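Enquirer: the data below comprise the sequence and an experimental structure of the protein.
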Amino acid sequence: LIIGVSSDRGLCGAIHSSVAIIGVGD
Amino acid sequence: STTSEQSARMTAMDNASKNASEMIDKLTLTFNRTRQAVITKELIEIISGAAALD
Amino acid sequence: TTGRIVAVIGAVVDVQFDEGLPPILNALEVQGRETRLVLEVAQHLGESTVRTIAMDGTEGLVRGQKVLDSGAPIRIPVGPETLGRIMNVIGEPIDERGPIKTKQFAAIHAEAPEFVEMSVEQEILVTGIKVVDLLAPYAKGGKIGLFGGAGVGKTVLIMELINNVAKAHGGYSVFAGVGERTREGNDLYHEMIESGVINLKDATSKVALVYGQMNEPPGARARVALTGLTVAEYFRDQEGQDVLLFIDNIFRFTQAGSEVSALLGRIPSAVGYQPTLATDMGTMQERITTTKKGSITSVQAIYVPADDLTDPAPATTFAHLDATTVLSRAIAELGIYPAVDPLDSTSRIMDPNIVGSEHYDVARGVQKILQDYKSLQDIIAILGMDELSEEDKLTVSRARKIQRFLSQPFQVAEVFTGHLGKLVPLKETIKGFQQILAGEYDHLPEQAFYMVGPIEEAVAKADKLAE
Amino acid sequence: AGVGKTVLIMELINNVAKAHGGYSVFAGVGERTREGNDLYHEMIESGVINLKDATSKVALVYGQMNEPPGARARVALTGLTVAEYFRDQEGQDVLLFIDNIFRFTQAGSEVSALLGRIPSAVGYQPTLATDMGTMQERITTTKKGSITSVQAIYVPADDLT
Amino acid sequence: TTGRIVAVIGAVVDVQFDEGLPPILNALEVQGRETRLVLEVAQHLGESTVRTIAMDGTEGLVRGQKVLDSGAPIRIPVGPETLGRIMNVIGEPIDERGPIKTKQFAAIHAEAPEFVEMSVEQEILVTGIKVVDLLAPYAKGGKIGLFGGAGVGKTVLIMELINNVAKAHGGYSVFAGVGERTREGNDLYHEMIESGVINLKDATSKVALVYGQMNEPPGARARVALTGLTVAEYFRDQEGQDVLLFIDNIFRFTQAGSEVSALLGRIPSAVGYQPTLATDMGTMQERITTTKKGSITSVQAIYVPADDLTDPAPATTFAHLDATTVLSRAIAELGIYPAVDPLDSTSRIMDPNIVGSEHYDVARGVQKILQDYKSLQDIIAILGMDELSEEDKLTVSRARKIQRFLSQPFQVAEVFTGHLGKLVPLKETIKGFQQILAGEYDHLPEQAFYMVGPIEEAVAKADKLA
Amino acid sequence: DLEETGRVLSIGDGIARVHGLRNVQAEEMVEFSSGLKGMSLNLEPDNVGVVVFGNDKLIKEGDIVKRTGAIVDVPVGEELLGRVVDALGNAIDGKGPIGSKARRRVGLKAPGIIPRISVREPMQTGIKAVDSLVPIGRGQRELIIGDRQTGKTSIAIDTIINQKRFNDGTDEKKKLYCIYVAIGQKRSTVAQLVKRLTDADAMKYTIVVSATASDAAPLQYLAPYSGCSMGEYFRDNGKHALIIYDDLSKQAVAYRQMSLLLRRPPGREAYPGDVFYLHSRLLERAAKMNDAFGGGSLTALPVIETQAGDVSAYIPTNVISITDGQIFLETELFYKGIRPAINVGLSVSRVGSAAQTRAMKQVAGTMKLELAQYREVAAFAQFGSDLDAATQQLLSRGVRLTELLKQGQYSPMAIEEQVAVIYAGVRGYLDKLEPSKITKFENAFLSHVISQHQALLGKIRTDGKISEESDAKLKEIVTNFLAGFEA
Amino acid sequence: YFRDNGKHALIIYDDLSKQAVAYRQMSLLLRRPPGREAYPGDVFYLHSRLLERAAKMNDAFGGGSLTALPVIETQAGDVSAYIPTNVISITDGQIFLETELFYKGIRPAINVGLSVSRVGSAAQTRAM
Amino acid sequence: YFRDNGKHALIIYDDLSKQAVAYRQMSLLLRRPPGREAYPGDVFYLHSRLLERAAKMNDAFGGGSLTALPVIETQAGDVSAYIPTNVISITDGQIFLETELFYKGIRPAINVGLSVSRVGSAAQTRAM
Ligand SMILES: Nc1ncnc2c1ncn2[C@@H]1O[C@H](COP(=O)(O)OP(=O)(O)NP(=O)(O)O)[C@@H](O)[C@H]1O
Ligand SMILES: Nc1ncnc2c1ncn2[C@@H]1O[C@H](COP(=O)(O)OP(=O)(O)NP(=O)(O)O)[C@@H](O)[C@H]1O
Ligand SMILES: Nc1ncnc2c1ncn2[C@@H]1O[C@H](COP(=O)(O)OP(=O)(O)NP(=O)(O)O)[C@@H](O)[C@H]1O
Ligand SMILES: [Mg+2]
Ligand SMILES: [Mg+2]
Ligand SMILES: [Mg+2]
């Protein structure tokens, strides 16, 4: 169990890449 | 996660807006130098053709 | 009356006359030549000297060589016996089938029909080409121009038009090859013999051919358009019947003029052109017209130097047209053929009162969605598709399907596409775009719409692309 | 247009006369005739021109758009010369309006072309700087007084370069 | 015999002759000058009048002034005794050391070596400069050109090559100053006296100098390259020897020609240039060559007007080169020196069969990552590196390390870098870029790769920081 | 008598103005006192303007000029094969005088409509991307165009080297004699080129015509036409020739010089008003002849150099508007490893599948439109969003075909070998492979079919098509080979 | 004739770009000096003479008017080309039309932001 | 005069941009063929022969000197234009003054990063 949190929306620098079998946020 | 996301988007979109602004200046100055050069070069071609006569 | 050559520079030949000076436009015959060499009088220089343009190569000419005034401008064979034949700029047969057995001739220079002679009738000419019929339809007896840079599809389109409109035409056709590829003239000639449009053994031929290609010096290229249209003018006025006139490529008339302009002693205008570009064009174009006596549906391929539609040659050509089909390298480069710019092609008859409100509404709807997408493209290339509302991204997906449904495999383009040619009825064209706009195929993949005929083939393609 | 240019001009004329005892000269270089008519009547209504007595504060010099290149090129110098009298003879601090300075340059370019001079970069006269300088340098403070100049500037293609 | 001046406009002097007309290219001597004034015959105008180009100033010339035909083109001293000496365009000593007493003279106009004289030998000349050695290596006996806008690093680069190459060389060198700074000539001269490559006391000098700088009128700037080449041709042919020829700056030749063409009244071509730009360049360039008789390694600096590589002068120069080093102002401004554009610099010997598959693959590998990086530049400009995908961020980060590892401290630029100069052996250049491409240094910071020699210095640098 | 002779009035910059020569013909070759020749291009009332084929130091005011009574001509025939000549056909390779026994005029108008027939026979380059996407037929003109150092000459060289396979045979119908015209290049470059052709044993069927950078402008102007005439010898005698004009950008610059110095006023970009016609009259002479005229052909590959990748410029579009297609090479593709660096969307063949064997037409049929759409969709995709199954498939296929159409230099491929590799891609056998392993796949696949399936390759070659039997045999080979390559 | 007889006339010049081309032909062929875009130095004077003749007369002169609507054709939207620049400067205002507006569905394709009338409200009824 | 009298002079050319414009005026009136920005082909040489005359003389010539500070006006910070690059390609470095810094009140508005003195380091006191 991890399982990784961010969001749906881009244009926020490294928010998604910094955190990155479910995962919240598209 | 969201408080970090909203502030990181703030930072990113501010910086993007600044970059866009700086690129607009660069492109506007490229536009104008090119605008002037096209007029100048066309005129020199005309002058050259005219002077070569009779 | 007799003159003597006094100067030769390229295609420009100066001739001095001791007695009667030949009027401007007169054809002069050079003596002591293996084949007929015509000079056309362009200017009176003074001192009993005229400046001329040669209709063939000037190699071998000597200062002092005799020149005879023919007493008239270039006169060429006209009438029924031109049908099935190939003629050059000066009306000589170039198909090796012997003399043009006509007893009627016409000067290639003539006055344009007057204002009182104009016809205002305009009815649609369906081509079976989706993009043309939908957005910028051709008119029977109207003036059609096909604009394009080098290699974008002007000739392929005109050959398809010949295939869809001319092959089943009940009247006469004239094709004028002006400053183009000799290979294309040979291709066309043998294609028409195969199709039976030209018949070598009987009198059923429906097409007259006139050629002066890019192997010719500028004088020939400058006048061959007039030769071809003089043939067409006969069929319009003397036979009366409906004439189709294809010209590939009318730019070559203006270019030939620019090749000799400096040697005719003119200060250049902008972009190296002759100061007389517009009046020269006007005197030629105003003859290419339907009148009260007869109809000419004219289709002219119009070359666009350096892909710049603001180039004085094509720029000046627009005003002479009723329908414009503008092709684009940026579209061709994507594999979208025919490479018609849906946002730069127009027609006089694109009017709700003429084509009906349903045709008009769908065409304007298509242009709106395409212009809306074009204005978004660059923004979403940076900010991402994800930033768009479901409303905007719906019109992106739809616009990309409409772009693709505008493409079409041509019968004449099978050797390029790998696909069988398709002709699409106007009703089906309208229906298909209407349905895509209404969101009736939002569930289908983009590619199902690419390189098909009717909308049913897109549906069929969608199933095939699945498994 | 719509930004109160003519009212500002007339108030400048009014204020300088009222506070410095200095007169103004208006040089319409490439004046649209309709606008020349309008300006004149607006000046009469504001009182900066008086038709009934000697209390007018501006001399008008018009070189209208329909006049040949020579006329439009020289009309700024005519305005300048009227202004130079009030400075060099009456020791005043004078206001000179030039509307507009681009059409001064444009008329100079037309004149240069007509005289067969080879055009410079962007089609301007080769004498662009000297045509400008010989006119501008007359506007200055001297020991007797000064000419100060408000110059409406049009910027071609919105290109400041 | 003798002629008389009939017209003078700047460098262009018309001369009428009453008995016998001198052929085109003949050197004429103007009578009554304090210093020798040579006019070179360019055209026959008709009516016994020639049009000529002056090799020095024409102030003080008067119509009717006497001119003598020397009976030959400009002839200069050639041979051993040119070594350690400085001459001008007409072969006069300008070093205050007296006559150049050669046993031979040679006309400065000679026909280009013919097709049959060409050598096809292709052999690497290692410079110790990472960008060049890796991506666009020089060939022994090959033609090298160094392109750059004003102040980007053409001369620093030629000086570093004189340092790196012209000592591991056991033959002769010729330096031709063409339309450049006189004080740069003074700098080079006195530096060579100090180093000993020019010896003022013995016959051991190994370099000949020829100068016609930007203080000179255009006829001198137009012909001084031919003077330099002629000195090189002697050593190539009559000694057969390995020769290095350095020219700063060959653009000045074409520019000088534009100045005279304006005065010769020709109809101008594009951008105001002489209509003869390409043939003039060809006739001169084709003489700058190795033959079966002897080797010339030529290095020419090529000024780029207004930074525009499409300008007819630099544009026409490309086809005359075997190796190009194309410098960039944008790259210079990022602090990358030498400011070489790794994607616009080429060499004919960049071929797996010549440099080996390892060298070749590493080079192509480097140019691929750099182009991939370049293709992302529009989006990075607006949105930055953070908006890119995992994969793209890796290529960007590796490409930025490669960009930095392509920079190098030059011995000649120590004042401007604050770093001791470095020379990197070829195998080490290959190894270092090989390792970076493989991801062996993904953990090291970018700045560690900046202004170092071998890869070990980048590692040691990274260890110091954190 | 000033009818058959004249006197030099003035001489400068390769132009002689000559008094007299009353009987001289336009374009006639004349001879100066010193032995130099020149072409009478301007016949004016008081003078003849003569362009000089050489160094003007050899001409002076007052020198006699004499009529030849003839237009320029060149040595012609098979004795030129394996020789390097200048623009006038003089030997420059040091191997002796050219033992030709025929002469041909340089300036002859191209065949008209009747003597021709449509382009129908393949002219194989051996380059996968060209042969599949922008195929060339015998009698075709196909431009090679792009910036400096994009691989333009290399296309022409590999094409020449490819013909060895046919030229070693006894079937003269399939042979192709080659002509390489160098214009404005440096001599050492031409020498390196000749060495390459000699080492490939391709010189024996090639004529090299060279007018280099220090040759007088008229000679560079003339060289393409001279080479053309040498090619027309083959064309008009039931044989097939291929001519490369490397390059026509430099020819136009030479012509511009002469024209300006003849005081003909310039047009756009300072080029003569008829710079179009310069190239058009030359390239029209490349043609396919009908049977009545011997059935021979001349195929042309002119070369144009763009500046900063602008194919839309004036001279580039001029020549695109002459040829039957173009191969456009881009520096960006070159450095990304796409070599040959062909931009698919911007390149065309105006002859298309008619120029292909049935086998090639089978595998490449729709591939060109497919690859143009691939690149459009790849650009639209860029950012990691929601792509459907059908666009992902299209991207997957396009990536793998792009890799497949990469090729090294100096190993032009037999058509049947090209067909076998394209087959693997087009039928979807490479779809689940990593893009970076595609080159490795092809190298191993090709060498395997060569080593172990000569019968299959021979049959595809012989039949010129993929039979239902060949299709099945290929299927067995690829499916098993792929299963081995995958795991 | 209408203007001077106390009546009102509207004239449309469709188009002045074509008239300037005709004048340029004559000018070049008379070997008058070419300027920008090969137009003669008096090309502005050509249009200013014409456009100044449109006027509103006072009551003392009968109170008639001539309104002019010149037409100019631009190339690829360049409102700063020579002839456009001339007629823009001469006139009291401009109605700018745009292709992207046209195809977006804005018909008439007037760019309201850029279009101007220096006469303004004075030409408008109370209702408007 | 000072340079060759064993003395030291400083000369400021304020500015060479205007000089080149005056020379272009003369050259176009002389009908010499224009090039880049309509400047004559000898516009480089105009400035090169001038600035070559600033020099440092050896002791045998008296040991004097002339230092030159030519001034060039750029348009919108564009150093890559014809005349600016010409002069950079003559002088021994440049002091670049930046509009953005000047506006921020950074005065003197010198861009340290883009400024260079190619030969001045050998003429800087040990203390500095
Ligand atoms: N409708 C089409 N479908 C598929 N391919 C096409 C189509 N039209 C053009 N092409 C491709 O593009 C090439 C050029 O088309 P073509 O109609 O010959 O160009 P053009 O505009 O007449 N050029 P030019 O004569 O050089 O001014 C063709 O030979 C095809 O390879
Ligand atoms: N390799 C380098 N390392 C550090 N600084 C350099 C380097 N190359 C150039 N520079 C800087 O740029 C300045 C000019 O270099 P230089 O090689 O003289 O340029 P250039 O292209 O020859 N200029 P110009 O002849 O005036 O067009 C030097 O004084 C240094 O400040
Ligand atoms: N398919 C290929 N694979 C690998 N290298 C290639 C390929 N094609 C060309 N090259 C290399 O690319 C370089 C440029 O090729 P070349 O054929 O000289 O192009 P070009 O455009 O004619 N150059 P130039 O005429 O000198 O401006 C040469 O070093 C070739 O070896
Ligand atoms: Mg065509
Ligand atoms: Mg330098
Ligand atoms: Mg090449």
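Expert: On my side now, so go ahead. Numbers count the residues shown, from 1 in each chain, chains lettered A, B, ... in the order given. Ligands and ions are numbered 1, 2, ... in the order given.

Enquirer: how about the residues of chain F near ligand 1?
Expert: Contact residues, chain F versus ligand 1 (C-beta under 6 Å from any ligand atom): F:320-321, F:348-350, F:352. For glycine as for every other residue, the C-beta is placed from the backbone atoms N, C-alpha and C.

Enquirer: and which of those residues is nearest residue C:112?
Expert: residue F:321 (29.1 Å; C-beta to C-beta).

Enquirer: would you confirm that that closest one contacts residue C:301?
Expert: No: if you go by C-beta atoms under 8 Å, residue F:321 and residue C:301 don't touch, sitting 11.4 Å apart.

Enquirer: count of neighbours near the residue nearest to residue F:116 when sequence neighbours are not counted?
Expert: Once flanking residues are discounted, residue F:116 sits nearest to residue C:186: 4.4 Å by C-beta to C-beta, 6 or more residues apart in numbering or on different chains. Residue C:186 is flanked by 23 other residues according to other C-beta atoms under 10 Å in any protein chain shown.

Enquirer: next, work out how far apart residue C:186 and residue F:287 are.
Expert: 9 Å (C-beta to C-beta, to the nearest Å).

Enquirer: overlap in contacts, those two.
Expert: Common contacts of residue C:186 and residue F:287 (C-beta atoms under 8 Å, 6 or more residues apart in numbering or on different chains): residue F:116.

Enquirer: chain E contacts on chain B?
Expert: By C-beta under 8 Å from any C-beta of the partner chain, the residues of chain B that approach chain E are B:12, B:15-16, B:19-20, B:23, B:44, B:48, B:51-52.

Enquirer: of those, select the buried ones using a PyMOL command.
Expert: Typed into PyMOL, the line below selects the buried ones among the residues of chain B next to chain E, using 16 or more other C-beta atoms under 10 Å in any protein chain shown:
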select buried, chain B and resi 12+16+44+48+52
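
Enquirer: got the residues of chain B next to chain E as CSV, with secondary structure columns?
Expert: Formatted as CSV, the residues of chain B next to chain E follow (DSSP: H, G, I helix; E, B strand; the rest coil):
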residue, secondary structure
B:12, helix
B:15, helix
B:16, helix
B:19, helix
B:20, helix
B:23, helix
B:44, helix
B:48, helix
B:51, helix
B:52, coil
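
Enquirer: okay, the residues of chain B next to chain E in CSV with distance to residue F:295 next?
Expert: Formatted as CSV, the residues of chain B next to chain E follow (distance: C-beta to C-beta, whole Å):
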residue, distance to residue F:295
B:12, 69
B:15, 69
B:16, 65
B:19, 64
B:20, 64
B:23, 60
B:44, 51
B:48, 48
B:51, 52
B:52, 48
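
Enquirer: buried residues in stretch F:367-381?
Expert: Those would be F:367-377, F:380, for stretch F:367-381 by 16+ other C-beta under 10 Å.

Enquirer: between those, which is closest to residue F:57?
Expert: Nearest member of the buried residues of stretch F:367-381 to residue F:57, counting by C-beta to C-beta, is residue F:368, at 54.1 Å.

Enquirer: residue of chain A closest to ligand 1, please.
Expert: The nearest approach of chain A to ligand 1 comes at residue A:10, 38.1 Å away (C-beta to the nearest ligand atom).

Enquirer: tell me who's in contact with that residue.
Expert: Contacts were defined as C-beta under 8 Å, 6+ apart; by that measure residue A:10 touches A:16, C:384, C:386-387, E:387.

Enquirer: just the buried residues of the helix or strand encompassing residue C:398, please?
Expert: Assigned by DSSP states H and E, residue C:398 belongs to helix C:390-406. Across helix C:390-406, burial judged by 16+ other C-beta under 10 Å covers C:392-393, C:395-406.

Enquirer: coming back round to it: so can I have JSON lines of the residues of chain F next to ligand 1 showing neighbour count?
Expert: Output for the residues of chain F next to ligand 1, formatted as JSON lines (neighbours: other C-beta atoms under 10 Å in any protein chain shown):
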{"residue": "F:320", "neighbour count": "23"}
{"residue": "F:321", "neighbour count": "23"}
{"residue": "F:348", "neighbour count": "26"}
{"residue": "F:349", "neighbour count": "25"}
{"residue": "F:350", "neighbour count": "24"}
{"residue": "F:352", "neighbour count": "22"}
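
Enquirer: okay, now the nearest residue to residue F:86 once chain neighbours are set aside: neighbour count?
Expert: Nearest residue to residue F:86 in three dimensions, chain neighbours excluded: residue F:92, at 5.3 Å (C-beta to C-beta, 6+ apart). Residue F:92 is flanked by 18 other residues according to other C-beta under 10 Å.

Enquirer: could you do residue C:344 as well?
Expert: 16.

Enquirer: in three-state terms, label it for me.
Expert: Three-state call for residue C:344 (three-state DSSP): coil.

Enquirer: how about it, what does it touch?
Expert: By C-beta under 8 Å, 6+ apart, the neighbours of residue C:344 are C:309, C:324, C:326, C:328, G:99.

Enquirer: likewise for residue B:13?
Expert: residue A:11.

Enquirer: for chain G, see how far away it is.
Expert: 26 Å (C-beta to the nearest C-beta, to the nearest Å).

Enquirer: and the stretch 51-200 of chain F, which residues reach chain E?
Expert: F:55-57, F:59-62, F:84, F:92-94, F:148-149, F:184-192, F:195.

Enquirer: just those: which are in helices?
Expert: Among those, the members found in helices (DSSP state H) are F:187-192, F:195.

Enquirer: can you select the buried ones from the residues you listed in ChimeraX?
Expert: A single ChimeraX command selects the buried members of these (16+ other C-beta under 10 Å):
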select /F:187,188,189,190,191,192
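
Enquirer: just give the nearest non-adjacent residue to residue F:369, would you?
Expert: In space, residue F:369 is closest to residue C:335, 4.3 Å off (C-beta to C-beta, 6+ apart).

Enquirer: domains in chain C, by residue range?
Expert: C:1-73, C:74-349, C:350-467 (curated CATH domains).

Enquirer: out of the ones you listed, which is the most enclosed?
Expert: Using mean count of other C-beta atoms under 10 Å in any protein chain shown, the stretch among those with the largest mean neighbour count is domain C:74-349, at a mean of 21.

Enquirer: how far does it sit from its chain's centre?
Expert: 4 Å (C-alpha atoms, centre = their mean, to the nearest Å).

Enquirer: ok, and what's touching the helix or strand containing residue C:184?
Expert: In this assignment (DSSP H and E), residue C:184 forms part of helix C:182-195. Here helix C:182-195 makes contact (C-beta under 8 Å, 6+ apart) with C:86, C:95, C:155, C:159, C:167, C:175, C:177, C:198-200, C:207, C:209, C:211, C:213-215, C:248, F:110-114, F:116-119, F:139, F:284, F:287-288, F:324.

Enquirer: got the domain boundaries for chain F?
Expert: According to curated CATH domains, the ranges for chain F are F:1-70, F:71-356, F:357-487.

Enquirer: hmm, the second one in reach of ligand 4?
Expert: This points to domain F:71-356. No: Domain F:71-356 stays clear of ligand 4 (C-beta under 5 Å from the ion), getting no nearer than 7.6 Å.

Enquirer: tell me which of the buried residues of helix C:390-406 is nearest to residue A:23?
Expert: residue C:393 (23.0 Å).

Enquirer: residues contacting that closest one?
Expert: With C-beta under 8 Å, 6+ apart, residue C:393 has these contacts: residue C:385.

Enquirer: please report how far it lies from chain H.
Expert: 39 Å.
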